[PDB]
Structure formats: structure tokens, C-alpha cells
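Listed next as C-alpha cells is one chain, alone, in the form deposited in one PDB entry.
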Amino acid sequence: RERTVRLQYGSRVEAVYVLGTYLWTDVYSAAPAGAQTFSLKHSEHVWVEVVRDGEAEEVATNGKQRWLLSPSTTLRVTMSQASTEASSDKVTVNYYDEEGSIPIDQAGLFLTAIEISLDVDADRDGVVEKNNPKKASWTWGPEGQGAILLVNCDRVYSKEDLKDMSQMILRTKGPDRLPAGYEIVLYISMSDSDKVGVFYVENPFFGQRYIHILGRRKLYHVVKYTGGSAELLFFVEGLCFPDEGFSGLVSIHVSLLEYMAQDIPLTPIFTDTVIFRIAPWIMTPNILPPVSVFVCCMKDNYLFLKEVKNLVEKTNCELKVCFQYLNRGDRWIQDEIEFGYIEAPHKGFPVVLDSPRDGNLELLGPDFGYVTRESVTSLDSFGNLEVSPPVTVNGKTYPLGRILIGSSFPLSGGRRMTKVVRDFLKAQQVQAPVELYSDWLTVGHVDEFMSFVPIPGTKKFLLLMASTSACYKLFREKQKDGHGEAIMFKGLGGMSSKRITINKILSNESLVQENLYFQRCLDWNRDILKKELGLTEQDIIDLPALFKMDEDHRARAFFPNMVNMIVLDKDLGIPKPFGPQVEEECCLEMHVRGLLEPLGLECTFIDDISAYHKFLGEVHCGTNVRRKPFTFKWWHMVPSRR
């Protein structure tokens, strides 16, 4: 980078030279009137070229060479090493008139060269490299560069308290002191001041006590200069995730400022900039390895707890049991909590989004970052948020999968998840969200009709879809087989008086029509999923489901929805359906086993309803599985622009 420094007519100029730049120097203006030629001398560590109308010739330290004074004849001044106390770095220009060979005047330039670099890990290996040429940009992809910041999700300090922030190092080299009238200042924009924070030890002689030097209300910080070869260590934190008005990119600047006079702004003679991108919140699909299983239920639902514990004992996962709270729904671990993660090259951890029904008054432990929402419909629940396995769709890869959100049709006037949450998910960009149609369901959650499972022993997966058509087919077969009187809800005492059998279901004409309609709703979703996930019919299994319609023409489960299941690799916790009993086995359980088991999936049916004696379409338990993050690094993705 070329920088202008003029000799001053008659008077010596003193300047700081920053390594990585060079100077162009006008010698003509400082020339006395009537002067004709000029010569120059310079010190050992200053390189000087005379540049005549574009042609540059290197000049000796002490020559006698003379050049004609011209506005188009200038100097180029370069230094490759920082000054020390032993340095006298200078360039002296002598001027001559036409007559004599003795100088009639002289103009000098006294230089102090310093190295100044604001450094970050822009090559994303976890180590802060020296002056990465690309540190002022941020690019996506395997070949991409620029530094990554984590949001601080836990919320004078100590170095340990800052352990998980990003490092930024100001590296300098130079003599004992900056020349008079200079200072170094770290700063950020007003706009970025609510996106970041920066910590520094201001007075290291008195301890290491990190203080917050940049952030809300603090836009600049003067940093003390240390001579010799020195490094100042800063820790940097993101304050928020990308969102509707925020791309996720922030900038930090350091400038060498020159004091001009009182009341005059200081001049930024050198500025160095680093860019950070704040890491997005990422959701984990069912195909990722389970770590912990979280469940919530009432204390006395014993079968549920026993059966869930038994399932988990089949795996290497740990079980975490939570009960009900005053401010939360009965499903809250599923509906109010979503497990996701963030990752930076140096580190990462799990981050839970929390959206309490009644608001906060609780935690899954210290391992997790926690993010809590600052009217709402049931579509706002995280039961209405799913994420697919990695897919490729028409040649475009989605290595982190795609987020799925239930909605209504555009012209319907129906329910929709709040824009705030939709915009948040879209802004994360790496999961490229898709809206499905959940609004035909009373509760309105995508997890009521669909789920994903891995196919054991492969890298592949299946979409599982609720199907009313599959149920009616099955019930019609059993009836033809002479099982029409087979009763459902066996062992639920509060259903007994209804005496619901296969015959009674099949003869209900309005229920048939309602369920044909619900199948159309399911099929509309099937088509969007196949399109947006790149799936064919061989990727899909239908599980029997049945719904009753409410006054809004919306569906609620007739019997528990088996699609909403605990997926731990090969082992599946499946809600126990309480279907018609044939030869003393539930025909729904047997049908589902016949679909899944041949694929190597192991089915365990979990009874969450017996404790309540009946099923009205509501489930009083919830589960959520914490998973290992993707092996693919999010920063290696190349998302579409805008």
C-alpha cells in the first residue's frame, strides 16, 4: 500500500513508517524557488528510488547523483525492518541552483518504522497466524477464509472465564516508544457495538484482570504501546446470532492515529481490519449419534419411565429424567426446548433454544449454552420444527440437512410460526429451511405426521409418514379376516364404555370422509418433502395413523401417533398405539414391526398413555435427544447468496 509523505519546504519531517506500506515522497515542493536540481542521501535500512515519470531507479546511501527538479520526479521510500534504539533511519535531500555544486538548502525525512498487525485465525485451524492476507474478508467453502466467533450463550473477569472466546492478537515491533504525537486505538462501529464484545488486560503490572474494552457504549480503546517485539492478547465474543437485520459479520479495526493540534481530529495514518463471522445455530437430525435422552412426564407415569429406561439401556446413551413445572406444558422438553449446537475451529458446544410457555422462572447443565426467547400459536412450538438428514437436491448439496417448519397455505389465512422465529432460522443459512403444511392439525406440529430414521448398516435414511390410508387398508383386511369385533384401547378403563372396535370405526361414514381429507393433507406434504429433500418413493415408509376432526376441520390423533418416536440409531421408541387386538397382539404394532424390522430397525413400544386411563388425542410426555454434531464443518458449506 502506497502512502503520501511530502518533504516540507525548509523544515524536517518526522514520520512513522508502518511495515507493509511504502511511501511516495514529493521533493519538489520543499525545493526553494529557483532551485534546479537535487541529490539525496539515506541510511542503511531505508531503500530509496528516484521515480521519473514512472521509471524507478534505486539510489545509493551516499552518492553524488543529481536529478532535475520536476513535479513528475519523486521518491519512493521503503523499509523492510522495524526501527530499534540503534536505528537512525533517514533520507536527506539537498537542493542546488543553476550556478554552484554546493547545496543551497536541504530537506530531511526522519523515519521510525514499526510493525503493526491485528491478527486472527482466518485460516480456521484454531491458531492465530501472523497477518493472514485474507483476514479482512470472510469467504465460505473448503478453500474459504476468515475468522469465526461464537455467541456467548452463558449470560473484571479472568482468563479462564474467557476460555471459550475467540483470540485476537495485536502484534507490534519497534523501538522503546512511539514518536511524540502518536497512539494506537482499537475500535468498532456503533452498529457492531451490540454484536460483539472485546476483553483486554488494561493493567498487566497489577495482575491479569480482563476488562471489557469494546462493546455496548464502548466504541474505541486506546492501547498502550510496548517496545521491542510485543503481543497484546484480546478475547472476542459474539453477542447474538445472525437474524433478519444482521448477516453475522462484524469488523474490528486498529489505527495508528497522529495528533495534529488541539481541536483537530487525529489523523488515521495506518488502519488494519479483521472480520469475524458469528457461528450459526445448527439443529441435529435423527441420523446423528445420540448422546443423551431427555424425557419429561408426571412423577407417577411409571410404565413410561420404566419402558424408556429399558430402551435407553439398550444403547450407550444416558437418560435424563425431568418432571413437570408450573410455567411449562406437559410436553415441554419436546415443545419448549430444542437441542442444537454451534462450532468454531477451536471449539464448539451444544446450545439449547428455550421458549417457555409462561416464560422463565430449568437447565440441562453447564455443558450447554442456553438461549431464551425475549400472541403465539401452537405452531410456535419446537414440536413444529424438524430437520432432515443431509440431502442433495438437483445437484445442490445440503450437507447439514434442511430445517422443516409447519405452516398453512399462503392464501388460507391460517396459522403460521412467528416471523421472528422463521427469520431467525432463515438467517442461520446453513440449514436452508422449508415450510410444510401443518395447519390441518389441531396442534399444528410437523412432528405429528413425519419423522426420519437411519437405515442400519448404511449411510441412508427413510422418511416416515403417517398414513390414514394404510390404517383403513389394515383395518379392512382384519375385518374381512373375521376380526371386525376386535376392540381398541384395551386396558384403558376410561375408553371401555365406548366399546370401539374395527367394525365401529369402519362403519363411521363421516370419519371415513374426514380421514380421506387428512390423507390429502399428508400427500401434499409428501410431495413437498420429495421435491425439497430429493426423495423418491423408495425413501418413504407409511405408518398407519387415524385422526378425528374438530370444529375447525383440524385433525387430532384417534390413537397415539406412532411416527413421533425416539430414534436412537437402530433402536426406536415407538408410542404404543393401543390398536385392535388380534390373536392377543396389537395389529398396529405387528404391522409396524413388519415394515421396520426387515430393515434392521429394532422396535420398542412405549406406553405413555396408560397412567391417564384413556386417550383423547393429547400426549402428556415428551422426549428430546441430544446428538453429536455433524462431522462436516458448517464453514465448508457454500450457501446460495441472499
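Each residue number is its position in the shown sequence, starting from 1. In this text, rigid core is short for the largest set of C-alphas that superpose within 1.5 Å between two forms.
Below, we turn to the form deposited in another entry, even though it does not appear here.
Annotation: the position in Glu313, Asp523, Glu244, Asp161 displaced by at least 2 Å at CA between this form and the one not shown, with the core superposed, corresponds to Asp161. Core-superposed comparison between this form and the one not shown: CA of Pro410 displaced by 2 Å or more.
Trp281 is not among the residues whose C-alpha shifts by 2 Å or more between this form and the one not shown once the rigid core is aligned; its shift stays under 2 Å. Taking 2 Å as the criterion, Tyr95 does not count as shifted between this form and the one not shown: its C-alpha moves by less than this amount when the rigid core is aligned. One change in the other form concerns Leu436 and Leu411, whose Cα atoms lie at least 3 Å closer than in this form.
In the other form, the separation between the C-alpha atoms of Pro410 and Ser388 shrinks by 3 Å or more relative to the displayed form.
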